[PDB]
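Enquirer: Before I ask anything, here's the sequence and the deposited coordinates:
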Amino acid sequence: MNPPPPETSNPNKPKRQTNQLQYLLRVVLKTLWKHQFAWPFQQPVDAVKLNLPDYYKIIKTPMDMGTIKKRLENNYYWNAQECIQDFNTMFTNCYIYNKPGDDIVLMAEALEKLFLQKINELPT
Ligand SMILES: C[C@@H]1C(=O)N(C)c2ccc(N[C@H](C)c3ccccc3)cc2N1C1CC1
């Protein structure tokens, strides 16, 4: 019921290190990670463990902060926007699979606001 997790390395994809990508790891990801609502998002959704057999029947581009963390540590991204897109996919997946007012959605909404707060101003 679980697909393979998203890749964290890809040898035919070019790598890059930028000040904004370093910030996304040092400040943005590592701050969100310690939030009281971060724990559902620190690893790929396990549909067998969590008893959610339809999760990947609904979510076709899964993403989580553990994957993002590993991509940042491997310089997998070309630029900050690509990483920001992964965060946005993670949040949107949560809204798609659930419904408004759900506990998990309240968590994602709070994390998304803190995320936007932190990426509002990036290094040059
Ligand atoms: C799949 C969906 C989702 O989109 N994500 C990202 C996710 C990640 C970790 C968990 N673990 C427990 C079960 C939990 C249950 C309620 C409130 C917060 C956590 C649950 C979810 N939910 C499910 C609630 C329906």
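Expert: Received it, and whenever you're ready, just let me know what you need. Residues are numbered from 1 along each chain as shown.
Enquirer: closest point of this structure to the ligand, which residue?
Expert: Relative to the ligand, the nearest point of the chain is residue 40 (3.3 Å; Cβ to the nearest ligand atom). All C-beta spots, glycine's among them, are computed from the backbone N, C-alpha and C.
Enquirer: right, and that residue touches residue 104 too?
Expert: Yes. Using Cβ atoms under 8 Å, residue 40 is in contact with residue 104, at 6.0 Å.
Enquirer: Residues of the protein that sit close to the ligand?
Expert: 40, 41, 45, 50, 52, 55, 94, 97, 98, 103, 104 (Cβ under 6 Å from any ligand atom).
Enquirer: What separation do you get for residue 114 and residue 49?
Expert: Separation of residue 114 from residue 49 (Cβ to Cβ, to the nearest Å) stands at 27 Å.
Enquirer: Stretch 75-92: which residues count as buried?
Expert: 75, 76, 77, 80, 83, 84, 86, 87, 89, 90, 91 (16 or more other Cβ atoms under 10 Å).
Enquirer: Please save the CA atoms from stretch 9-16 in PDB.
Expert: Listed next in PDB are the C-alpha coordinates belonging to stretch 9-16 (Å, rounded to 0.1, in the frame of the first residue of the first chain):
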ATOM      1  CA  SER A   9      19.300  11.900  -4.700                       C
ATOM      2  CA  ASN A  10      19.400  11.800  -8.500                       C
ATOM      3  CA  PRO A  11      22.800  11.600 -10.200                       C
ATOM      4  CA  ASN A  12      21.500  13.000 -13.600                       C
ATOM      5  CA  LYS A  13      20.000  16.000 -11.900                       C
ATOM      6  CA  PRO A  14      22.400  18.900 -11.400                       C
ATOM      7  CA  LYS A  15      23.100  20.100  -7.800                       C
ATOM      8  CA  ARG A  16      23.500  23.700  -6.500                       C
END
